[PDB]
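See structure below.
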Amino acid sequence: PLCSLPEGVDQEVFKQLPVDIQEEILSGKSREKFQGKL
Amino acid sequence: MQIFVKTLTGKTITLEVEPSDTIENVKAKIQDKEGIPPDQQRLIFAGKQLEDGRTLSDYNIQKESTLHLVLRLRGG
(Lines give C-alpha, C1' and ligand atoms only; values in the text may rest on other atoms or scores of the structure.)
Protein backbone atom coordinates (compact mmCIF):
# COMPACT_ATOMS: atom_id res chain seq x y z
CA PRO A 1 0.00 0.00 0.00
CA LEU A 2 2.15 2.85 -1.32
CA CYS A 3 -0.71 5.23 -2.14
CA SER A 4 0.03 7.60 0.73
CA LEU A 5 3.69 8.63 0.85
CA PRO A 6 5.36 11.56 2.66
CA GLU A 7 6.84 14.65 1.00
CA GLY A 8 10.06 14.21 -0.96
CA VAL A 9 9.58 10.48 -0.45
CA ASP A 10 11.69 8.13 -2.56
CA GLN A 11 9.65 5.36 -4.20
CA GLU A 12 12.79 3.31 -4.84
CA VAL A 13 13.74 3.59 -1.17
CA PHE A 14 10.16 2.88 -0.11
CA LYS A 15 9.72 -0.32 -2.12
CA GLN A 16 13.25 -1.20 -1.02
CA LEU A 17 12.50 -0.88 2.70
CA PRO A 18 10.93 -3.70 4.75
CA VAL A 19 7.21 -4.00 5.48
CA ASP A 20 7.95 -2.77 9.00
CA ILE A 21 9.17 0.59 7.68
CA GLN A 22 6.50 0.69 4.97
CA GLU A 23 3.82 0.50 7.66
CA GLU A 24 5.52 3.04 9.92
CA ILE A 25 5.57 5.74 7.25
CA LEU A 26 2.09 4.85 6.01
CA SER A 27 0.65 5.28 9.51
CA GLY A 28 1.77 8.90 9.33
CA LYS A 29 4.04 8.67 12.37
CA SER A 30 7.76 9.13 13.02
CA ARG A 31 8.16 12.60 11.50
CA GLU A 32 11.04 14.71 12.82
CA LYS A 33 12.80 15.95 9.68
CA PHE A 34 9.71 17.58 8.16
CA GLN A 35 6.18 18.35 9.35
CA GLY A 36 3.35 16.02 8.37
CA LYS A 37 0.81 17.31 5.87
CA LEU A 38 -2.48 16.83 7.73
CA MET B 1 35.03 0.73 4.38
CA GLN B 2 32.59 3.47 3.35
CA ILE B 3 28.84 2.82 3.38
CA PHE B 4 26.00 4.73 1.73
CA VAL B 5 22.91 5.55 3.78
CA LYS B 6 19.83 6.29 1.67
CA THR B 7 17.06 7.92 3.71
CA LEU B 8 13.34 7.69 2.91
CA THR B 9 13.83 10.92 0.96
CA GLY B 10 16.45 9.24 -1.20
CA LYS B 11 19.27 11.03 0.59
CA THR B 12 22.54 9.10 0.32
CA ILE B 13 25.06 9.60 3.13
CA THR B 14 28.61 8.28 2.92
CA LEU B 15 30.03 7.13 6.26
CA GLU B 16 33.51 5.80 7.00
CA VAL B 17 33.14 2.73 9.22
CA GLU B 18 34.66 -0.71 9.72
CA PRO B 19 33.43 -4.33 10.00
CA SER B 20 34.75 -4.36 13.57
CA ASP B 21 33.04 -1.15 14.68
CA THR B 22 29.56 -1.09 16.23
CA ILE B 23 26.26 0.20 14.85
CA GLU B 24 26.46 2.94 17.48
CA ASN B 25 29.47 4.33 15.61
CA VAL B 26 27.69 4.26 12.25
CA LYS B 27 24.63 6.04 13.64
CA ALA B 28 26.78 8.75 15.22
CA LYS B 29 28.24 9.58 11.81
CA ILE B 30 24.80 10.17 10.30
CA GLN B 31 24.25 12.69 13.10
CA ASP B 32 27.18 14.85 11.98
CA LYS B 33 25.92 14.41 8.42
CA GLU B 34 22.19 15.14 8.59
CA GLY B 35 21.64 15.99 12.24
CA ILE B 36 19.30 13.25 13.45
CA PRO B 37 19.49 11.93 17.03
CA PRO B 38 19.71 8.23 17.97
CA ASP B 39 16.12 8.47 19.18
CA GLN B 40 14.71 9.22 15.73
CA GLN B 41 17.52 7.60 13.76
CA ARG B 42 16.91 4.09 12.43
CA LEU B 43 19.05 1.78 10.29
CA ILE B 44 17.92 -0.82 7.76
CA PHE B 45 20.08 -3.65 6.40
CA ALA B 46 19.47 -7.18 5.13
CA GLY B 47 15.78 -6.31 5.18
CA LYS B 48 15.80 -5.80 8.94
CA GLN B 49 16.59 -2.98 11.37
CA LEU B 50 19.95 -2.92 13.15
CA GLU B 51 20.66 -2.32 16.84
CA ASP B 52 23.27 -0.25 18.67
CA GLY B 53 24.13 -3.30 20.76
CA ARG B 54 25.76 -5.17 17.89
CA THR B 55 28.66 -5.05 15.43
CA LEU B 56 28.52 -4.18 11.73
CA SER B 57 30.07 -7.53 10.80
CA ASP B 58 27.23 -9.12 12.76
CA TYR B 59 24.79 -7.92 10.10
CA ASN B 60 27.18 -8.86 7.29
CA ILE B 61 27.76 -5.16 6.62
CA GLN B 62 30.21 -5.32 3.72
CA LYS B 63 31.97 -2.45 1.95
CA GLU B 64 29.83 0.10 0.10
CA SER B 65 26.90 -1.40 2.01
CA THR B 66 23.57 0.09 0.94
CA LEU B 67 22.12 1.25 4.26
CA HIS B 68 18.73 2.92 4.65
CA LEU B 69 18.03 5.62 7.24
CA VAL B 70 14.49 5.75 8.63
CA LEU B 71 12.77 8.13 11.04
CA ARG B 72 11.84 6.57 14.38
CA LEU B 73 8.75 7.32 16.47
CA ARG B 74 8.83 11.03 17.34
CA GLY B 75 6.66 13.23 19.52
CA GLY B 76 5.46 15.42 16.67
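Convention: chains lettered A, B, ... in C-alpha coordinates order; per-chain residue numbering from 1; ligands numbered from 1 as shown.
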Original post:
Neighbours of residue 66 of chain B within 9 Å (only C-alpha atoms; same-chain residues fewer than 6 positions away dropped), as a list in words?
Top reply: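 Near residue 66 of chain B, the qualifying residues are residues 3, 4, 5, 6, 44 and 45 of chain B.
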**OP:** Do me a favour and pick out the residues of chain B within 9 Å of chain A, using only C-alpha atoms, as a ChimeraX atom specification.
**Re:** /B:6-11,36,40,44-45,47-49,68,70-76
**OP:** Mind the document's chain letters and residue numbers, and return as number ranges by chain the residues of chain B that DSSP labels alpha helix (DSSP H).
**Re:** B: 23-33
Subject >> DSSP strand (DSSP E or B) residues within chain B, listed as a PyMOL selection string >> reply: chain B and resi 2-6+12-16+22+41-45+48-49+55+66-71
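Minimum distance to residue 27 of chain B across B:43, B:1, B:67, B:13 (counting only C-alpha atoms) occurs at B:43.
Taking atom CA of residue 23 of chain B and atom CA of residue 2 of chain B as the two end points, the separation is 13.5 Å.
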